[PDB]
Amino acid sequence: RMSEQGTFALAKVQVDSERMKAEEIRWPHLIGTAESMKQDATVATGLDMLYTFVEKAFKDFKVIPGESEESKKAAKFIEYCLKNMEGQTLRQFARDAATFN
Amino acid sequence: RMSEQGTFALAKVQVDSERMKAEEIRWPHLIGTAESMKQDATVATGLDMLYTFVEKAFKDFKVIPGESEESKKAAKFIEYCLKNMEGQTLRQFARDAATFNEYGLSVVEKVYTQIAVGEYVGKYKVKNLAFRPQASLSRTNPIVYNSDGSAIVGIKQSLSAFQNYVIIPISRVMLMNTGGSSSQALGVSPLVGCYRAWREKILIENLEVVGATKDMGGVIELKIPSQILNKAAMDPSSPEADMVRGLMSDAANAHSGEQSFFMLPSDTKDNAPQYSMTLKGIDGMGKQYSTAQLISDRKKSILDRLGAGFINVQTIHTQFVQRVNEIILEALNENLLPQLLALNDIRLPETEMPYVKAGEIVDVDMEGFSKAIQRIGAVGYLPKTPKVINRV
Amino acid sequence: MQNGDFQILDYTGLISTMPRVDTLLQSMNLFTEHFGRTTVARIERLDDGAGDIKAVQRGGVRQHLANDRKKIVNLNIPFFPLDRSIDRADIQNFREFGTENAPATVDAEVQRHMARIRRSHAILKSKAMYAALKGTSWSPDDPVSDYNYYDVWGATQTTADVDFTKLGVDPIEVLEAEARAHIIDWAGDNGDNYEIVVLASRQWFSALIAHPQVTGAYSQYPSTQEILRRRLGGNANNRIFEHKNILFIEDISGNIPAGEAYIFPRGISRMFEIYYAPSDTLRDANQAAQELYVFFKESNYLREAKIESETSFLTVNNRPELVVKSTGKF
Amino acid sequence: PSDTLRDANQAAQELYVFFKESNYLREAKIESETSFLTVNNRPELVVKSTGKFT
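Residues numbered from 1 in each chain as written, not as in the entry; some residues may be left out. Chains lettered and ligands numbered in written order. Part of a larger assembly, values for the part shown. Heavy atoms only, no water.

Listed as the method for this PDB entry is cryo-EM; the listed resolution is 12.7 Å.

### What to know about the interface of chain D and chain A
Our working rule: The contact criterion used is simple: two residues touch if any of their non-hydrogen atoms lie within 4.5 Å. As a working definition, buried area equals the accessible area (1.4 Å probe) given up by two parts on being put together, with both sides summed. Any carboxyl oxygen of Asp or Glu that lies within 4 Å of a side-chain nitrogen of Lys or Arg is treated as forming a salt bridge with it. Whenever a nitrogen or oxygen atom comes within 3.5 Å of another N or O atom, the pair is scored as a polar contact, on the condition that within protein one atom can donate a hydrogen and the other can accept it, and that pairs from neighbouring residues in sequence are kept only if both atoms are in side chains. Note on residue classes: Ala, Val, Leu, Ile, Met, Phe, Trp, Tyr, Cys and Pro are nonpolar, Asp, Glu, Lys and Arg are charged, and everything else, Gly too, is polar.
Across the boundary between the two partners, chain D contributes eleven residues, which contact ten residues of chain A. Roughly 700 Å² of surface becomes buried between chain D and chain A when both sides are summed, with 37% attributable to carbon and sulfur atoms. Among the residues of chain D in contact with chain A, D:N9, D:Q10 and D:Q13 are the three that bury the most area, contributing 69% of the side total. Connecting chain D to chain A are one salt bridge. With a closest N to O distance of 1.6 Å, A:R19 and D:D7 form a salt bridge. The interface formed by chain D and chain A includes nine residue pairs in polar contact. Its residues placed into classes, the side of chain D that touches chain A shows four nonpolar, five polar and two charged.

### Focus: a nonpolar patch on the surface
Residue and element names in this part refer to chain B. To be explicit about the condition: The patches reported here contain residues having more than 30% relative accessible area and no salt bridge. Joining distances are 9 Å for like charges and 5 Å for nonpolar side chains (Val, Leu, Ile, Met, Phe, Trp, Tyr). Using the Shrake-Rupley algorithm and a 1.4 Å probe, accessible areas are obtained, with residue cover drawn only from the displayed protein chains. Only DSSP runs of H or I covering at least 4 residues are called helices, and only runs of E covering at least 2 are called strands; the numbering of each starts at the N terminus. The rule is simple: take the accessible area with a 1.4 Å probe, protein chains only, and divide by the maximum for that residue type; under 20% is buried, over 50% is exposed, in between is partly exposed.
Together, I220, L222, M243, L247, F262 and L279 make up a nonpolar patch on the protein surface, roughly 510 Å² of accessible area in all. Contributions of two or more residues to the nonpolar patch are made by β8 (220-223) and α9 (239-250). Within the secondary structure, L279 sits in strand β9 (residues 276-279). Residue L279 is classed as exposed on the basis of its relative accessible area, which comes to 55%.

### Digging into the sheet that holds strand β14 (residues 324-329) of chain C
Sheets are built from strands paired through backbone hydrogen bonds, the pairs being either parallel or antiparallel. Residue and element names in this part refer to chain C. Condition: Between any two strands, pairing holds if DSSP finds at least two bridges. To get an axis, a line is fitted to the C-alpha atoms, and for a helix only the part in contact is used. The angle between two axes follows their N-to-C directions and goes from 0 to 180 degrees.
Read across the open sheet, the six strands follow the order β5-β14-β9-β6-β8-β7; overall the sheet is mixed. The two strands at the open ends of the sheet, each matched to only one other strand, are β5 (162-163) and β7 (240-242). Two elements, β7 and strand β8 (residues 247-250), share three bridges in a ladder whose sense is antiparallel. Counterpart to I240 in the pairing with β8 is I249. Against the sheet, helix α4 (residues 172-185) touches β5, β6 (196-200), β8, β9 (260-265) and β14, its axis set at about 45° to β9.

### A short note on the pattern of salt bridges
Enumeration over the complete set of coordinates arrives at 43 salt bridges over all chains. A:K38 serves as the salt-bridge partner of A:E35, at 2.7 Å between the closest nitrogen and oxygen. A:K38 gets classed as partly exposed once you look at its relative accessible area, which sits at 35%. Between C:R88 and C:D87 there is a salt bridge; the shortest N-O distance is 3.4 Å. With a relative accessible area of 34%, C:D87 lands in the partly exposed category. Taken together, the shared-partner salt bridges connect C:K297, C:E308, C:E310 and D:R26 into one network.

### Here we look at the pairing of β8(C)
Successive side chains on a regular strand alternate, one facing one side of the sheet and the next facing the other. All names here are of chain C. Of the pairings in the sheet, the one linking β6 to β8 comprises four bridges and is parallel in character. Bridging across to β8, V197 finds its partner in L247. Counting the residues between successive antiparallel strands, the hairpin from β7 to β8 contains four residues, one of them, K244, with a positive phi of roughly 55°.

### A word on the side chain of B:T42
Residues and elements named next belong to chain B. Topologically, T42 is positioned in helix α3 (residues 41-57). Exposure remark for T42: the relative accessible area of 15% places this residue in the buried category. Side chain to side chain, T42 and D40 meet in a polar contact 2.6 Å long. Other than its neighbours up to four places away in sequence, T42 contacts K299, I302 and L303.

### Considerations on the sheet that holds strand β10 (residues 272-276) of chain C
Residues and elements named next belong to chain C. Read across the open sheet, the three strands follow the order β1-β10-β13; overall the sheet is mixed. Of all strands in the sheet, those with a lone pairing partner are β1 (32-35) and β13 (313-317), marking the two edges. Neighbour-to-neighbour, the strand axes of this sheet turn through a mean angle of 25°, independent of strand direction. The pairing of β1 with β10 spans four bridges and is classified as parallel. Looking at β10, one finds that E33 is bridged to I274.

### Some thoughts on the interface of chain D and chain B
Between chain D and chain B, the contact holds twelve residues from the first and eleven residues from the second. Roughly 1,100 Å² of surface becomes buried between chain D and chain B when both sides are summed, with 48% attributable to carbon and sulfur atoms. Applying the counting criterion to the chain D and chain B interface returns zero salt bridges. Where chain D meets chain B, there are nine residue pairs in polar contact. Residues of the side of chain D that touches chain B, tallied by class, amount to six nonpolar, two polar and four charged.

Here it is as structure tokens:
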């Protein structure tokens, strides 16, 4: 029928996963262990090369419109908004977004 | 005649298979042993590469309609429903469904909702293909059968998953499993088999680290008459005590440099000298087993089960990914689509059922494809249709 | 196969034997099966009839009728478990006893135990129907039910005794007069031409045929069913005979006491019934019962294997009136 | 954390619940555990108030 019969269990899947980690890589500590890594010349280099191509991809971006005349007008407005953020560019956003690595 | 004369014996085929496993890889424990694996840098890497191509295949999916006009309308509605789940995409579903490569099993529940405003007002979409994590399932009996071991009536979820810090009918659930026949509800995880090799691989790596740390070859040894050592211990304010304290610090700092040398008294009391300084070495033969090649054999042993053994250097890896894609498509084509059309009373013949086709995992070769079109085109065997034109 | 230390020999074959298990009553299909939910059952009786009218003077008093009669009963059901276990020592170093050198496998022992349990359950079910036909339930060492249907419903056991030593008297002339008259007068409903069947011990059936009357009946002209030159019931183990619109059957099983025979009619509605109750398990509790439950468990620690089987049923005879204890004298 | 060997020194959750079946179809059990402390870090800004009535 039209009724959920369960939960995603977000609050449990986390609490099992924090135990099954060495204690130097649990949430409140991983922020420090990341920046105390990176200063390894093989770890920095791997991250730097990854960001090199991510920035390249989101530099010459394009907006693909539909077939109707309404979509073409909407696509032009989208391109203006994404290219006119006050003090921000998609390259900066892409290199901030990619920090989940 | 028209009568069954046997049972699938689901409830027995399981109970033999749980005994014939080492106890660290039986159902209620395998959930922990999987996540205590993965943290091996060869095991993670094999699973990550597998999910890389599974997500790619189910990204640019397509629905292939039939010939009649009715099928074409149904195909369009199917594409809308599969691309408009509230908060879900097929890439997320594909990467949740493919978890049976870790636990032999995957549970997805189908929820339908009515449309309020849109192109198909009055019809029923699918709200979410709700993934039920294997860890949140029942640790005792996950799957419940008939009074006999013939068929499955539903799947049980633990009551502890409804808390912050029940039996779901089988008709609502899409089951995917691998590594076993149709009579093994709890499929065989690809990590079964690897397990013994992973246990050895780890132990050997531990021996290498401690072995390299403890190879004190060339360490400095000093011999001093015990008269000086004993006098210092009982007379802290005697000249012997000062020289002993100097040795304990000078010897620690004894490196090789521009001014390194040694000067010792040359007195002799017996066949052996009073003072001496020698650099130790292994009096015999060193280790023989060459633990390096032991690890390499076990790494190739693990990656082969996932088809990703080529990193140790159409392919085996590409054919392995196709297996996972086909299992997901069977559940999607045969369990969701017929039911989804039934709710919106779209009843069609067998030959007019549309089906979903996954994308291609290997990129098209521009050099090969361009010259393939010419060779077919120069003879006239290629039809003039927009389908061919849009391929460029 | 190995002979003495320095010699060999040839293995030839295997010989196996097992006692017979009877299925005649099962074959006759005289018992209807009911699958309940609880362990208690109810039966409703409603007996009616009529009286006689006496003459009275005209214009005076009148006469009045009586009323009907009702009865209600309740019953319980017994339980029958059966378990066994398997240990390492039973297969550690024992040769399979089949091929020359195949080691003993757990599967073979499991199949042996399956066969033994099935045979035991079949034997118990067979004995249950024989006990029920005699007018009492089968529940050894379980005085909880011990139901004597003759006492429970209220009745008496008709004898219809026969003597075979009188060569000048046909035994059938007593069976007819007593048994068939009693059955007709006690059918309860308004029927006709009920079929009569007889179960006889080996001694009784054998003595009956040898009686001079029966032999003289068929000797002087062929007729059919040639007793003298053919065999009763052909080559089958269970002999069959039919004389004077009656069917006679020999009890190979030997459950019937030697010399005794039971006479009962066919066709009567709901004379025999059997009920099954669920087992003591959460899966089957309060559910629909089944004929037999079998379970098997392999220890997750690899050091044990166990087998489990249980069942629960009751056999009920709803009319003790229509069973006659024929007894022979020799 | 709960006292179970799964999460010894691993993490914490508000409420753990477990359901068990004997696998012999003859028994089941229910479990639940919690472990928490309620702390008022500043016992300075809570003021008692007692009242004499009548």
